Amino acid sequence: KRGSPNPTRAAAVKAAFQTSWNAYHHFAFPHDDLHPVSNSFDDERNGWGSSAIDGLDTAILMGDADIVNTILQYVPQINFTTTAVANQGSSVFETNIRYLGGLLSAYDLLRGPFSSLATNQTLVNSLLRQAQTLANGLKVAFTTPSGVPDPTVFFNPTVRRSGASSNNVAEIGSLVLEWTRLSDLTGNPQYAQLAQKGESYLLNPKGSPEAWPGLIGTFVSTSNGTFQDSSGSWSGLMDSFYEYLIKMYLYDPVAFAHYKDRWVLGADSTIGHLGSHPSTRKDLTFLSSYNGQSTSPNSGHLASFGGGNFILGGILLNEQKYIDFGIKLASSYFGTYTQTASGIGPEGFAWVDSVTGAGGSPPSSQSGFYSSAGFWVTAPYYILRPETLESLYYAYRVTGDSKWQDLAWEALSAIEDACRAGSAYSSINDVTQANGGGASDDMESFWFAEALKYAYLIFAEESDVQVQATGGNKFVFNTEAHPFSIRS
């Protein structure tokens, strides 16, 4: 059953985005996030207008001229040289992937194959200008003795480092894509130099021994860039590091060929050592976490992005093995969606390793559920994450099998039927509950940038943004689903 764009399906996703935007624009804008039930807002993203920037490119790919214009008019107004709140900490990582990524992807799209969605060239130019302004403040993060970025900085009263003594590999290794992109766009090499230097310490790990070739530790010293542990996983604190390794290779196969080699070691090592099968459902394959040569039968929604990453690597390297493994991953993680009462996957889940017998024991209430489902829930909530829709999307782009679109559709449908709340959509309390267990009154910006973006693209018409299975990709998605043009 060969696939093809599904207008009806794509329209539904576009409609969910429209609703979410209207509500956000009316009750929260220009604040960072909307609380759909109370109709209030928050500024978790330092009050720069997180949801507006994060959703900008999604609005461009959907052909939402009006929404695009609204945001473009706002960009020049943002003040990326300070924070409304004095002495307020700023996450180098979160700020980078959302703001810098969002501004750069919008810039690349509005100057590339989507330039029609914008007429005012001065507004388009603001995106890049504002990105450089932001980066000029964020760069203080690299003023550590080793060059390894400090995870937190401050802009108000002045630009300063938090002074942390260590950081995690995910936050250190998820800056290279957008900072290198910025240098290429501005002509100022400093940005790339800074990010790449901090990254260098992660490519030739010194200190704690690698659990396995390519599988590095989680925390790195800011004073000397050495590792102090041998633990890690494909989820929180490490996930996006492995992701950007292969993505940099897409951005420029020559300059970052070494990044590609570090990915292959990681990939091969997680396949031979992290792949785990639930004792009650051997046909399923999940990724365990690790510490030394020991692995733990636990995972969650964050690690579900893995499927798409292995697939991406298989495309860029013409290696079926990575594609097959990625397909299995996408499928297995979707099983945590399709088997709950709401049809939505849990935040955290666990199982019993079928080989080492490791892992706990299903809590009494989930005893029967584990027997047939192959996992039990440890963290029931869902906050509109996109990792699974992301992996399903890659699975479809590489196979062309409409079956994947059906799974994604089942995923989007389950999500809106339970997350539909107040003026738009919201995080839910209990996924193992048919109705979702009640909304927690929150609509994260990545709902706009990622979940709705991947859901739409899997049903949408062809374009340069779509990932090409037979190579020739001209774009690369950053960790927050913001596509950048490759070096060229």
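Start at 1 with the first residue shown and count on from there.
Undergrad: Please compare 426 to 434 with 56 to 64 and say which has the higher mean C-alpha temperature factor in the record.
TA: Result of the comparison: 426 to 434.
Undergrad: Comparing 356 to 364 with 276 to 284, which stretch shows the greater average C-alpha B-factor in the deposited entry?
TA: The recorded data point to 356 to 364.
Undergrad: Have a look at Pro205, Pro380, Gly308, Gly335 and flag the one whose Cα has the highest B-factor in the entry.
TA: Most elevated C-alpha B-factor of the set, per the entry: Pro205.
Undergrad: Among all modelled residues of this chain, ranked by Cα B factor, put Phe80 in the bottom, middle or top third, i.e. lowest, middle or highest.
TA: As the PDB entry reports it, the C-alpha B-factor of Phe80 lands in the middle third of its chain.
Undergrad: Going by the CA temperature factor in the PDB record, which third of the chain does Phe114 belong to: lowest, middle or highest?
TA: Highest third, going by the recorded CA B-factors of the chain.
Undergrad: Divide the modelled residues of the chain into thirds by Cα B-factor and specify which third, lowest, middle or highest, holds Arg98.
TA: It falls in the middle third of the chain.
Undergrad: Which third of the chain holds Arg161 when residues are ordered by C-alpha B factor: lowest, middle or highest?
TA: According to the entry, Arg161 has a C-alpha B-factor in the chain's highest third.
Undergrad: Relative to the other modelled residues in the chain, which third contains the C-alpha temperature factor of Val140: lowest, middle or highest?
TA: Ranked within chain, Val140 CA B lands in the lowest tercile.
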